[PDB]
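Structure first, commentary second.
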Amino acid sequence: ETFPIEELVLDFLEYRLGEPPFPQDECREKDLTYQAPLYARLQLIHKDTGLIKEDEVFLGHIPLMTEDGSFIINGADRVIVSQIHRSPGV
Amino acid sequence: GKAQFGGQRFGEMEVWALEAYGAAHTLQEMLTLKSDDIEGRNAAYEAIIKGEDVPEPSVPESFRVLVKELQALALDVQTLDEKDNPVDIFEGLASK
Amino acid sequence: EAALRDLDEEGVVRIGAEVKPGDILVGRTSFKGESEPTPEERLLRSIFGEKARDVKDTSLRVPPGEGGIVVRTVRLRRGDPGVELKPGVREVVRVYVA
Amino acid sequence: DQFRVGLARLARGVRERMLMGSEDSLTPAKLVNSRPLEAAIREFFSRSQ
Amino acid sequence: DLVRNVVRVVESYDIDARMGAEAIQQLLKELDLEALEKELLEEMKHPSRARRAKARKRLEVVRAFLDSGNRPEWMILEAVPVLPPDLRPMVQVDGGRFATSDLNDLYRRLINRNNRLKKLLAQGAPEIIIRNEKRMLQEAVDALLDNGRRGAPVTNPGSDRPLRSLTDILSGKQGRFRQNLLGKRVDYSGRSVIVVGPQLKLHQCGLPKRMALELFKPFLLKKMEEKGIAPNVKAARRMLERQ
Amino acid sequence: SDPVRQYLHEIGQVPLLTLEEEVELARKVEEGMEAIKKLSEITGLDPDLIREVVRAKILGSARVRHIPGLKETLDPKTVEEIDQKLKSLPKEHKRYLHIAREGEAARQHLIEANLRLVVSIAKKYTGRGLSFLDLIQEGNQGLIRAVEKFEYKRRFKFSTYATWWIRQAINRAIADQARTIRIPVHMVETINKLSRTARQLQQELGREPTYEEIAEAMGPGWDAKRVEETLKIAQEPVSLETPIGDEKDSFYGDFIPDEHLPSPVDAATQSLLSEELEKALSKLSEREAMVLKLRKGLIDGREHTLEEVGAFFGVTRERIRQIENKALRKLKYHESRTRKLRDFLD
Amino acid sequence: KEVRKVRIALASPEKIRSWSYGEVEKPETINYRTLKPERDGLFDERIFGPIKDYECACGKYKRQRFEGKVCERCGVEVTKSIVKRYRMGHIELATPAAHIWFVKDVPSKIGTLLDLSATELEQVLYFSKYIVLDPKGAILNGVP
DNA sequence: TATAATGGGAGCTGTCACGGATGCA
DNA sequence: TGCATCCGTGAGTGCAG
Ligand SMILES: [Zn+2]
């Protein structure tokens, strides 16, 4: 949806997710978050010449959900309560 | 709150209660020496550990905040005696 | 010392003690302020042969109506491996009670 | 949803540096400030209702 | 003109036509209150009852000022007051970090604009600019006093929380009246779970003894001397501080 | 109704200049400055003092204030008074009154004529601690700088030179008012230098850097200790009304105890000291518990070493430092029966 | 004497000044290094009060006997820190400004007292229209 | 301190009921 | 003149939080 960015133009190839720098329990202790690093490969292209560069820039950490349905966020388990709302339509 | 080592909130509705009983001195107590009448509060606890009856109270501190907060809105609130001349509830500490 | 008979060299209760309200769980010292001993106080010490001390008891005691049996302790300094805490904090000690 | 709002903020941050600072010596690496994304995610999980 | 060696005159008047609180402090200042009373009643005589109605509403406000001694102009501050620091503090919380009232960030907000206008004056800037500084000046003072009342509300950055303005403090269930004047928190009080005691007489209750101690702690320190489970009251307290 | 769209309208009013009108107005200003010091070496009054008087009449009396830095309080009497010994001049000298007045008026229409530009610069500086408008004024503020320091003779379009002073004053205000605790601009300057170089470190690491990994990429004179204490002042304060919970009937400031004002345990304690110590002065002697009662103070303290102790005690200098010792000495055996002072060391 | 009533009324500009102990000139709080209050800003002690009971700001005078001397070096009274709670400051505005209560509290108290429409008072105040005070004979589209 | 650059940007949504002040056939 | 129509104001207690 957000890509590609427009006038030079910057387009989206693919994302990847890496395994977490610390295992579930290690984050519970060290008041960390149980999250995975988010990389996204991009290609810049020049609106006038034909420029081509392509790095996979690091976007941060996306937190991961454990086996039972919970999350760990600064080392406390949490739940994301589904929300009810009027639905789209006419 | 228990964890702060709280006080019990004695609310509008509790004040009504005491009001309906007519316990003026018990209510006043709640509203000065037991809450924020810094002067008579300190004065009281000294009175208990000294085995004396607690002392009649002065103006709650939170009322002073109510005065100063109405000045900051440019309103001139004024305590007055029966002959209509002001009364300093700040004991001169905010006059020049 | 009775008031410390359960603390290790560093200032931690020993794992397996019994702790009750009032008891120190982790001794700690912070420095006194610009109210460093005022006259009233500089004199009271003048009689007792100890001069004003420069640090303060900020020990973590136990809250009213709490307590039990120290089951674990966690001590995280900085200068130790794997560990780095929010800026300006030397060391953070946690003691789990049961 | 919260992700689609971090992404759109990052896109206010590329085009800003797509039209001020040098329109040819530029990579993806240095046209992307990860922070508008990192923050909307930190938000969703730490202060949502 | 020195090139055409003509002296040009452009058709335009010395009119006095202003904008903002600067204007109104004048119009309010030029109000002979007694006069307007005279006219409003001298018009309270009218029929149709609709003119008679609003010359009452208006007249009420005149006599409000007449009877009290306030000057209408006074509803326009030149000198905005500042509230003592301690009532809007800057404090270091445990982590050596600082917590501060919303008012400072509202004052600062206003002090910048008054300052940057005091400059824009001396550096002689166009109206179109000095105008914008003055406007921005009301909205400053209008948010210090009653943020959000008019226009958008003043939000610190990165949040959508309206700042807490002077009126917001004064008013509401959370305001100064209903939350600190018509009932406070209190010392010498406790809470606990209740439990039926059918052995009590009508006039009695079961107060656990740990609560009892505290709620009477002063009294217990003094008694603790009058018998002597401690020499003086200060040592008396240090006894009961660990169980 | 919306305070931006409004200013955006007042601006859409003064039309954009054209290259001629650029140079015409630019031109008329430079001459009028020259005209002022030429017009001050004829009269010797003062460059600024004069320029303000040229400014007064051109803009109208709508405004006037004693401009700090000029030595007379510029009340419209000294403007008529000085517009007079000015307009008193010979057509070949009072030639330059006409020159200043015309130039001041070009100043105005050149500022007003280039306000749109500031808009489209401060537009890019939002979300930084300063309101759009606030950035605009700061922007315009510089724009004023740009006219008084332009040189049309260099053949530049006015845009090019002003687009420097504009973004010089935005960036200065973005760095001098944004924070509740103001920090020197050069300290701000280097803070962002961490923020930026840490950010690339993270973008190269797949994780946030440590203190150390920062002091390295930060270079020399940078250790792990000094990146730490730099952050701990970067730290913005937090609101006392920061909302607690997800209803809102609690405020993060309420959970904060006031430790300045003395508690009632406390302020009671001080009274049973400062009197149960007066309970050990007049118990063994009250004039040797007065010369030592002025070796300190019952309030204010009285303690230096040897100089007022030698002035008015009754006795000689190193003789009060002896009944100072027998003062204390009497009190250490005094308080071996009334042992009710130990408890005050806690 | 003993309180018996409580009066509320408008504070004149000169009266606001009456209360004040100093123009808060700077938008500064407290020094990012000494964590002490910048002078002439929102927490300055030469305005509001000593921060420590009967202790002057810089060191000058530090106990009860000197009670009320504004030390010369730093300029801070020698009284109880409790006055930081009561001593008003004042900001001294460049161009006068309206108190929004007396504007936007319908029906307006400035807007009825001058037969000024609701929406007129806005325009004239938030700068969307001029308001003629002496037209010096001006005339517009054939009407003085 | 100097190529030139000259009008923004996010709105937010499903309550209610009353009283007062303003607009309009 | 009578009556739409808008704007601003309210919307329970304490405790855990
Ligand atoms: Zn001093």
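Note that the numbers count up from 1, one per residue, in the order the chain is shown.
In case you wondered, yes, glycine gets a Cβ from its N, Cα and C as well.
For the DNA-binding region (F:306-325), the residues of the chain that approach it from at least six positions outside its boundaries are 287-288, 291-292, 294-295, judged by C-beta separation under 8 angstroms. Feature annotation from Swiss-Prot assigns DNA-binding region to F:306-325; the stated evidence is sequence analysis.
The region 'Sigma-70 factor domain-1' annotation in Swiss-Prot covers F:1-36.
Sequence annotations record features per position, and here Swiss-Prot assigns region 'Sigma-70 factor domain-2' to F:110-180.
Per Swiss-Prot, the feature region 'Sigma-70 factor domain-3' maps to F:189-267.
Under the heading region 'Sigma-70 factor domain-4', Swiss-Prot lists F:280-332.
According to Swiss-Prot, the feature motif 'Interaction with polymerase core subunit RpoC' maps to F:134-137. In the motif 'Interaction with polymerase core subunit RpoC' (F:134-137), the DSSP tally of helix, strand and coil residues is 4 helix, 0 strand, 0 coil.
Outside the region 'Sigma-70 factor domain-1' (F:1-36) by six or more residues, the chain places 47, 50-51, 54, 96, 99-107, 109-110, 112-116, 119, 132-133, 136, 147-148, 150-152, 157-158 with a CB less than 8 A from a CB of the stretch.
Taking H, G and I as helix, E and B as strand and the rest as coil, DSSP gives the region 'Sigma-70 factor domain-2' (F:110-180) the counts 52 helix, 0 strand, 19 coil.
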